[PDB]
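Source file model_4.csv; content: CSV, C-alpha atoms.
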```
chain,number,residue,atom,x,y,z
A,2,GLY,CA,0.0,0.0,0.0
A,3,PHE,CA,1.0,3.6,0.8
A,4,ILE,CA,2.6,5.1,3.9
A,5,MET,CA,-0.3,6.6,5.8
A,6,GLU,CA,-2.6,3.6,5.6
A,7,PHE,CA,0.0,1.6,7.6
A,8,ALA,CA,1.2,4.4,9.9
A,9,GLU,CA,-2.4,5.0,11.0
A,10,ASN,CA,-3.0,1.5,12.4
A,11,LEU,CA,0.6,1.4,13.5
A,12,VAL,CA,0.0,4.4,15.8
A,13,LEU,CA,-3.4,2.9,16.8
A,14,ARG,CA,-1.6,-0.3,17.9
A,15,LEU,CA,1.0,1.8,19.7
A,16,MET,CA,-1.7,3.5,21.8
A,17,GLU,CA,-3.2,1.7,24.7
A,18,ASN,CA,-6.6,0.9,26.1
A,19,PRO,CA,-8.0,3.9,27.9
A,20,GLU,CA,-10.7,1.8,29.7
A,21,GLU,CA,-7.9,-0.3,31.2
A,22,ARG,CA,-6.1,3.0,32.1
A,23,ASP,CA,-9.1,4.4,33.9
A,24,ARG,CA,-9.8,1.1,35.7
A,25,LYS,CA,-6.2,0.9,36.8
A,26,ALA,CA,-6.3,4.5,38.0
A,27,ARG,CA,-9.4,4.2,40.1
A,28,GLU,CA,-8.1,0.9,41.5
A,29,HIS,CA,-4.6,2.3,42.3
A,30,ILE,CA,-6.3,5.2,44.1
A,31,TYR,CA,-8.5,2.8,46.1
A,32,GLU,CA,-5.7,0.5,47.4
A,33,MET,CA,-3.3,3.4,47.9
A,34,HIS,CA,-5.8,5.2,50.1
A,35,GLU,CA,-6.6,2.0,52.0
A,36,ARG,CA,-2.9,1.4,52.5
A,37,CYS,CA,-2.5,5.0,53.6
A,38,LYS,CA,-5.1,4.4,56.3
A,39,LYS,CA,-3.3,1.2,57.3
A,40,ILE,CA,0.0,3.0,57.7
A,41,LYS,CA,-1.6,5.9,59.6
A,42,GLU,CA,-3.0,3.3,62.0
A,43,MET,CA,0.4,1.6,62.3
A,44,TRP,CA,2.2,4.8,63.2
A,45,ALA,CA,-0.2,5.2,66.2
A,46,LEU,CA,1.2,2.2,68.0
A,47,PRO,CA,3.0,3.2,71.2
A,48,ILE,CA,6.6,2.2,71.7
A,49,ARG,CA,5.7,0.2,74.8
A,50,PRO,CA,2.9,-2.3,74.3
A,51,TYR,CA,0.0,-2.5,76.7
A,52,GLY,CA,0.9,-6.0,77.9
A,53,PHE,CA,4.8,-5.8,78.0
A,54,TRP,CA,5.6,-7.7,81.2
A,55,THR,CA,2.6,-9.9,80.6
A,56,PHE,CA,4.4,-11.4,77.6
A,57,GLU,CA,6.0,-14.8,78.4
A,58,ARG,CA,9.4,-13.7,77.1
A,59,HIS,CA,9.4,-10.8,79.6
A,60,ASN,CA,9.0,-12.8,82.8
A,61,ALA,CA,11.9,-15.4,82.6
A,62,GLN,CA,11.8,-15.8,86.4
A,63,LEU,CA,8.4,-17.1,87.4
A,64,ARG,CA,9.2,-20.5,85.8
A,65,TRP,CA,12.9,-20.5,86.7
A,66,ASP,CA,12.9,-19.7,90.4
A,67,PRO,CA,10.5,-22.5,91.4
A,68,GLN,CA,13.0,-25.1,90.2
A,69,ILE,CA,15.8,-23.2,92.1
A,70,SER,CA,14.0,-22.6,95.5
A,71,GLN,CA,15.2,-26.0,96.5
A,72,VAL,CA,19.0,-25.4,96.2
A,73,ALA,CA,21.2,-24.4,99.1
A,74,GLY,CA,21.4,-20.7,99.7
A,75,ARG,CA,17.8,-19.9,98.8
A,76,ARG,CA,15.7,-22.0,101.2
A,77,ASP,CA,13.3,-20.6,103.8
A,78,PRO,CA,14.8,-21.5,107.2
A,79,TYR,CA,11.8,-23.6,108.0
A,80,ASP,CA,12.5,-26.1,105.2
A,81,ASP,CA,15.5,-28.1,106.3
A,82,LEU,CA,14.1,-28.5,109.9
A,83,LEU,CA,11.0,-30.5,109.0
A,84,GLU,CA,12.3,-32.2,105.8
A,85,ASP,CA,13.9,-35.0,107.8
A,86,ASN,CA,10.5,-36.6,108.4
B,1,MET,CA,31.5,6.0,118.1
B,2,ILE,CA,34.1,3.7,116.5
B,3,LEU,CA,32.5,4.3,113.1
B,4,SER,CA,32.7,8.1,113.4
B,5,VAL,CA,36.4,8.5,114.2
B,6,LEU,CA,37.4,5.9,111.6
B,7,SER,CA,35.3,7.5,108.9
B,8,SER,CA,36.7,10.9,109.8
B,9,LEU,CA,40.3,9.7,109.7
B,10,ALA,CA,39.7,8.0,106.4
B,11,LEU,CA,38.2,11.3,105.1
B,12,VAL,CA,41.2,13.2,106.2
B,13,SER,CA,43.6,10.8,104.6
B,14,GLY,CA,41.6,10.9,101.4
B,15,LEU,CA,41.7,14.7,101.4
B,16,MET,CA,45.4,14.7,102.0
B,17,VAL,CA,45.9,12.2,99.1
B,18,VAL,CA,44.9,14.7,96.5
B,19,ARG,CA,46.6,17.8,98.0
B,20,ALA,CA,49.9,16.0,98.9
B,21,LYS,CA,53.3,17.7,98.4
B,22,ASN,CA,55.2,14.7,97.0
B,23,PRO,CA,54.0,11.5,95.4
B,24,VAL,CA,55.6,9.3,98.2
B,25,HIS,CA,53.4,10.8,100.9
B,26,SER,CA,50.4,10.7,98.6
B,27,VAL,CA,50.8,7.0,98.2
B,28,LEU,CA,51.4,6.6,101.9
B,29,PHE,CA,48.1,8.3,102.7
B,30,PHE,CA,46.5,6.3,99.9
B,31,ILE,CA,47.4,3.2,101.8
B,32,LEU,CA,45.9,4.5,105.0
B,33,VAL,CA,42.6,5.3,103.1
B,34,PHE,CA,42.3,1.6,102.3
B,35,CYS,CA,43.3,0.6,105.8
B,36,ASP,CA,40.5,2.6,107.3
B,37,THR,CA,38.1,1.4,104.6
B,38,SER,CA,38.9,-2.2,105.4
B,39,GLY,CA,38.4,-1.5,109.1
B,40,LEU,CA,35.0,0.0,108.2
B,41,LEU,CA,34.0,-3.1,106.1
B,42,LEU,CA,35.1,-5.2,109.1
B,43,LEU,CA,32.7,-3.3,111.2
B,44,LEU,CA,30.0,-3.8,108.6
B,45,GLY,CA,30.2,-7.6,109.1
B,46,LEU,CA,32.0,-8.6,105.8
B,47,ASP,CA,35.3,-10.1,107.0
B,48,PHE,CA,36.2,-11.6,103.6
B,49,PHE,CA,36.1,-8.3,101.7
B,50,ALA,CA,37.7,-6.4,104.5
B,51,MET,CA,40.8,-8.6,104.1
B,52,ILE,CA,40.7,-8.8,100.3
B,53,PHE,CA,41.1,-5.0,100.6
B,54,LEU,CA,44.4,-5.6,102.3
B,55,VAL,CA,45.4,-8.4,99.9
B,56,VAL,CA,44.6,-6.5,96.7
B,57,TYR,CA,44.5,-2.7,97.3
B,58,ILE,CA,47.2,-2.3,99.9
B,59,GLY,CA,48.8,-5.6,99.0
B,60,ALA,CA,49.4,-5.3,95.3
B,61,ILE,CA,48.0,-2.0,93.9
B,62,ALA,CA,49.7,0.1,96.6
B,63,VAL,CA,52.9,-1.8,96.2
B,64,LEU,CA,52.7,-1.2,92.4
B,65,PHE,CA,52.1,2.5,92.9
B,66,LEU,CA,54.9,2.8,95.4
B,67,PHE,CA,57.3,0.9,93.1
B,68,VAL,CA,56.4,3.4,90.3
B,69,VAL,CA,56.8,6.4,92.6
B,70,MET,CA,60.2,5.2,93.8
B,71,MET,CA,61.7,5.2,90.3
B,72,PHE,CA,60.7,7.8,87.7
B,73,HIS,CA,61.1,10.6,90.2
B,110,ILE,CA,14.3,8.2,106.4
B,111,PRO,CA,16.8,7.9,109.2
B,112,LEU,CA,15.5,6.6,112.5
B,113,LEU,CA,15.9,9.2,115.3
B,114,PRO,CA,18.6,8.5,117.9
B,115,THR,CA,15.9,7.8,120.5
B,116,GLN,CA,16.4,4.1,121.4
B,117,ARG,CA,14.7,3.8,124.8
B,118,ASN,CA,12.3,1.0,123.6
B,119,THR,CA,14.1,-0.5,120.6
B,120,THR,CA,17.1,-2.4,122.0
B,121,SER,CA,14.6,-4.6,123.8
B,122,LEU,CA,12.3,-5.1,120.7
B,123,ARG,CA,14.8,-7.3,118.8
B,124,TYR,CA,13.1,-10.5,117.6
B,125,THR,CA,15.7,-13.2,116.8
B,126,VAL,CA,14.6,-16.1,114.6
B,127,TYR,CA,16.6,-19.0,115.9
B,128,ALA,CA,15.8,-21.0,112.8
B,129,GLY,CA,18.5,-20.2,110.2
B,130,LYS,CA,21.1,-19.8,112.9
B,131,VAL,CA,21.7,-23.5,112.7
B,132,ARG,CA,23.9,-24.3,109.7
B,133,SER,CA,24.8,-20.6,109.2
B,134,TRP,CA,27.2,-20.0,106.4
B,135,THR,CA,30.0,-17.4,106.4
B,136,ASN,CA,30.7,-14.6,103.9
B,137,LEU,CA,33.0,-17.0,102.0
B,138,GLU,CA,30.8,-20.1,101.6
B,139,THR,CA,27.8,-18.1,100.5
B,140,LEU,CA,29.8,-16.1,97.9
B,141,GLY,CA,31.5,-19.2,96.5
B,142,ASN,CA,28.2,-21.1,96.4
B,143,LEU,CA,27.0,-18.9,93.5
B,144,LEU,CA,30.1,-17.1,92.1
B,145,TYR,CA,31.4,-20.1,90.1
B,146,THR,CA,28.1,-21.9,89.4
B,147,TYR,CA,25.2,-19.6,88.6
B,148,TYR,CA,26.9,-16.3,87.6
B,149,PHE,CA,30.0,-18.0,86.1
B,150,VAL,CA,30.0,-16.0,82.8
B,151,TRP,CA,31.0,-12.8,84.6
B,152,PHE,CA,33.8,-14.7,86.4
B,153,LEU,CA,35.2,-15.6,83.0
B,154,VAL,CA,34.8,-12.0,81.9
B,155,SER,CA,36.9,-10.9,84.8
B,156,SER,CA,39.5,-13.6,83.8
B,157,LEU,CA,39.5,-12.0,80.3
B,158,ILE,CA,40.0,-8.6,81.9
B,159,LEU,CA,43.0,-9.9,83.8
B,160,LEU,CA,44.4,-11.4,80.7
B,161,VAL,CA,44.0,-8.1,78.9
B,162,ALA,CA,45.9,-6.3,81.7
B,163,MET,CA,48.7,-8.9,81.6
B,164,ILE,CA,49.1,-8.7,77.8
B,165,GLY,CA,49.0,-4.9,77.9
B,166,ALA,CA,51.6,-4.5,80.6
B,167,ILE,CA,54.0,-6.5,78.4
B,168,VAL,CA,53.4,-5.1,74.9
B,169,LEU,CA,53.9,-1.5,76.1
B,170,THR,CA,56.9,-1.8,78.4
B,171,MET,CA,59.2,-4.5,76.9
B,172,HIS,CA,62.2,-2.6,75.8
B,173,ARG,CA,64.6,-5.5,76.5
B,174,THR,CA,67.6,-3.7,75.2
```
If you convert what's in this file into structure tokens, what do you get?
Amino acid sequence: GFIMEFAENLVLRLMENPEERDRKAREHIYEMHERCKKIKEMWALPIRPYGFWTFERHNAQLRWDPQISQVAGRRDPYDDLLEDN
Amino acid sequence: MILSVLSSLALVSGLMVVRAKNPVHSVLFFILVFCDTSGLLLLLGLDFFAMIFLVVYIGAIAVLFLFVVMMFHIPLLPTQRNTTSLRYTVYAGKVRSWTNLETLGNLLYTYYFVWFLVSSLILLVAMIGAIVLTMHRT
């Protein structure tokens, strides 16, 4: 053929779907705003959590001392006296 | 009254340590400071530390300093009318009563044994450092 009859549909192939572009734009806005709200919530967390000491890793002694309160140097004076019988 | 005079003499010796005229007398008063301090610890009831203070402070550190100096030249109110008779003694626990040494050694080498090895590493650092710096050997 001639030049323009091919350059026309060439440019038309080069250009994209606008419906896809609009859908992607509204989508991206939706999830970006949702993620923005999520990050805003995340930044509100205090440095020290409400539980803190309640956490099992932050006790480390309520389940260690009971198995140590029997060794010498930690016993209540009234433990060795009546342990004989 | 034994505590007051001892503390005062220790304070005077410590004051004269920093305003001394020559290093020899400074070290001499430095020794007396630890002597009084060990006496004070002895009054406190810790005989072991009171004598380690002689063994280490005025046994090795004071000797080291002297060697270097030789060359290179709410409270309760004092009313106690009815408190010396209100002492309740729990006889349980007096039987099999450990000293300041057995109690310390019970848990120094067994439970808190990492810090003991850290102190060993500190001693090794000191031993190595005293050699690397000062070996002229000419």
Worksheet entry | Minimum-distance residue to chain B, chosen among A:16, A:46, A:26, A:72 (using only C-alpha atoms) |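 Comparing A:16, A:46, A:26, A:72 against chain B, the winner is A:72.
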Practice prompt. Give as a list in words every residue of chain B that touches chain A within 8 Å, counting all atoms listed in the file.
Written response: residues 128, 129, 139 and 142 of chain B
Fill in: Pairwise distance for CA of residue 35 (chain A) and CA of residue 21 (chain A), rounded to one decimal in Å
21.0 Å
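Distance-wise, CA of residue 154 (chain B) and CA of residue 170 (chain B) end up 24.6 Å apart.
Atom to atom, CA of residue 51 (chain B) and CA of residue 147 (chain B) stand 24.6 Å apart.
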Practice prompt. Pick out the closest residue to residue 34 (chain B) from this set: B:137, B:57, B:155, B:112. Count all atoms listed in the file.
Written response: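 The shortest atom-to-atom distance to residue 34 (chain B) comes from B:57.
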Fill in: Selection near residue 5 (chain B), 12 Å with all atoms listed in the file, sequence-local residues under 4 positions removed, as JSON, numbers by chain
{"B": [1, 9, 10, 11, 12, 36, 39, 40]}
